[PDB]
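Student: Protein chains in written order, with the deposited numbering: chain A, 484 to 532; chain B, 337 to 385; chain C, 142 to 190. For each residue, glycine too, the CB sits at the ideal point set by N, CA and C.
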Amino acid sequence: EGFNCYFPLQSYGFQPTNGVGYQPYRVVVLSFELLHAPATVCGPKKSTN
Amino acid sequence: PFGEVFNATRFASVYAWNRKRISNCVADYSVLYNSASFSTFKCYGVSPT
Amino acid sequence: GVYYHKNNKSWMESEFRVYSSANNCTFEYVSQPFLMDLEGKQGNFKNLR
Ligand SMILES: *[C@@H]1O[C@H](CO)[C@@H](O[C@@H]2O[C@H](CO)[C@@H](O)[C@H](O)[C@H]2NC(C)=O)[C@H](O)[C@H]1NC(C)=O
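Spelled out as C-alpha cells, the structure:
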C-alpha cells in the first residue's frame, strides 16, 4: 500500500447524522428467466375445469 | 511544458497562488509517477490512470 | 509604417502601435516560414494573392 499501491476494499461512514443522500439504502433485486422451461413459480389462481 | 511548472525553484503562497494557462499542446500521465513519488496523486470524476 | 532612410536604403518599422496590450491570449501561433520582396518601387501589380 505504498506509492502506486492502492487498497481495493472500502469502508462506509454510516451514522444517523449524515446527509439524506449519504444515508445507506438496502436494495433487493429480483431477476427471473423468461419462461424458457415449464417451471413452477407463479401467483394465486384457480384451476378451471 | 509540465516539467518547467513541476520542477521550479519557488512557488507562490496559498493566498496568492499562481494561475497559469495550458493551451494547444499535449499532456501526459506516465511522466508523473516514474520516480516522482509525490505525497498524494488523485482525481475526481475520472480515474487518473 | 516603413521609412526610406538616406543613410541606409532599407524599410524599417517606425510605429508598431497597432494595439495597447493583451489581457490574456487564448491562442498564439507562427505560420510556416516564407520570404518577402520589401520593395517600394512604383509599378503595376506584378502578383495577385
Ligand atoms: C524534472 O523532474 C523529473 C523527475 O520528477 C526529471 O525526469 C527524470 O528523467 C530521467 C530520464 O531517464 C529519469 O531519471 C526519470 O524519468 C526522471 N526522474 C527520476 C528522478 O527518475 C526531469 O529530468 C526534471 N527536469 C530537470 C531536472 O530539468
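Here's a check: name, in chain order, each residue in its chain whose Cβ is nearer than 8 Å to the Cβ of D364/B, leaving out the five neighbours to either side.
Tutor: So the qualifying residues of the chain are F338.
Student: For a cutoff of 8 Å on Cβ pairs, would you count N487/A as touching chain B?
Tutor: At least one chain B Cβ lies under 8 Å of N487/A.
Student: One question on the structure: do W152/C and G181/C come within less than 8 Å of each other, judged by their Cβ atoms?
Tutor: Closer than 8 Å, so yes.
Student: Is any heavy atom in ligand 1 found nearer than 7 Å to the beta carbon of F342/B?
Tutor: It does: the Cβ of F342/B is within 7 Å (strictly closer) of some heavy atom of ligand 1.
Student: Determine the DSSP secondary structure at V143/C, reduced to helix, strand or coil.
Tutor: Looking at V143/C - three-state DSSP - the assignment turns out to be strand.
Student: For the candidate residues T167/C, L179/C, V159/C, whose alpha-carbon lies nearest to that of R357/B?
Tutor: The shortest Cα separation from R357/B among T167/C, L179/C, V159/C belongs to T167/C.
Student: Comparing the C-beta of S349/B with each C-beta of chain C, is any distance below 8 Å?
Tutor: No, its Cβ sits nowhere closer than 8 Å to a Cβ of chain C.
Student: Taking just the CA atoms, how far does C379/B sit from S373/B?
Tutor: Roughly 16 Å separates the two Cα atoms.
Student: Can you tell me whether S371/B sits near ligand 1, meaning its C-beta is under 7 Å from at least one heavy atom of the ligand?
Tutor: For ligand 1, at least one heavy atom lies less than 7 Å from the Cβ of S371/B.
Student: So, helix, strand or coil for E516/A, using DSSP?
Tutor: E516/A: coil per DSSP, three-state reduction.
Student: What are the residues in the segment 357-383 of chain B lying within 7 Å of chain A by C-beta distance?
Tutor: Answer set for the segment 357-383 of chain B: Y369, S373.
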